[PDB]
């Protein structure tokens, strides 16, 4: 019985080269992979090779506990927003990501900002507490080389009381055409730098980094202007704004280095493998005050509050976060001009704001969340987010298009937001959220089957709205769909959610609905 080449005719159209042993035919995975759109590779173990086949990529989140508004946000403990190449950088002034997804010019995308917040919130609950190293308090610390300041000629420093802040602070005076005053740091493990800052004049706070790229030094300059980001090797510049009143500056030096070096005029940051291996020293220029200089493994809550604060300050009078970029969802849909709202933005923002409220009891956050339900009440053409499927089912549009698009995953995020709010706001204040949630959940249960292909899910209902082919959801949207339904199945006991979760999971392993 010979093992030999055999011609394999595919659908009477093309011949590939297979192999035959007796009656058994073997087909090349090169063909299988492309023809069925599946995944595989040879994995090398110690003394053992194994081919490993997968129907899909992407994994379902292993939910540990029922969903609650003050817990982790779905699967976002595993999200890494800032490494996404559509994140140009973390704004120095705002402390939140700028997106370039639909425009190289860059814009604050509320969805991305909410996800930044919610992922950092979730990581705060799941990760080990950070190591925190304190380099300067200007107190009676009063050892451990906290006074390793270099003060060149023409510069001055002092420990001085700040009555307003009930603490001692480090005063510094250093002209910009000088070396500046310099604090030796030397951290090789942790790369989140933090310091309380108040400038009297223009100036900068700079951090020198040893990197993994051939031992070479890069400096990151945090400058008292509004310029976003600049890179002229080996110097990276972020404007952090005037900082003429006390604030805590928190920066991730890994992200700030990678986004600097990777700076691009395109919609995508250049890939780089560069990492900082040592935080060498901090340089202060101009006239001002410093306190509480620290380096931490992580600073999740600072990120979360930067997102929350941004959402409060940037909400408009209609309760919305307008998206200031043109969105063309596809042929047959009208272009959305800048200033459109997204049900996904509203929902993700509400989930952020509700968590901010529950932590602080600061009603400013809750009130912003309550205002954010207003766009759910108005049709897309009335500058809202509401669509109605076949004059029967209310829907909250990720993309408020004409005709309506009915994107599934944005809708479910819009509902989770409403849930967080209605559970938190109390009976009287939460009435509108409760009503929108109940109507929305009724729609979801009725319409879920329209998104099921029998071997996957559809992203939206454009096939029906425009009379074209289904827009099939790629596997990472399919797992998003599962993660969302899995979450909803813990706050609503409807059997339909559990049955759909189970079937949609089976699709990841190549199961199919039965044919007749």
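Positions refer to the first chain, counted from 1.
Note on 302 to 310 vs 149 to 157: mean CA B-factor is higher in 149 to 157. 241 to 249 and 169 to 177 differ in mean CA B-factor, and the higher of the two is recorded for 169 to 177. The entry lists C-alpha B-factors for 115, 391, 424, 211, and the highest of these is at 211. In the PDB entry, the Cα temperature factor peaks, among 90, 284, 379, 345, at 284. The entry lists a Cα temperature factor for residue 464 that places it in the lowest third of the chain's modelled residues. When the CA B factors of the chain's modelled residues are split into thirds, the value for residue 494 lands in the middle one. In this PDB entry, the Cα temperature factor of residue 202 sits in the top third of its chain's modelled residues, the highest group.
In the PDB entry, residue 445 places in the lowest third of its chain by CA B-factor. For residue 366, the recorded CA temperature factor ranks within the lowest third of the chain's modelled residues.
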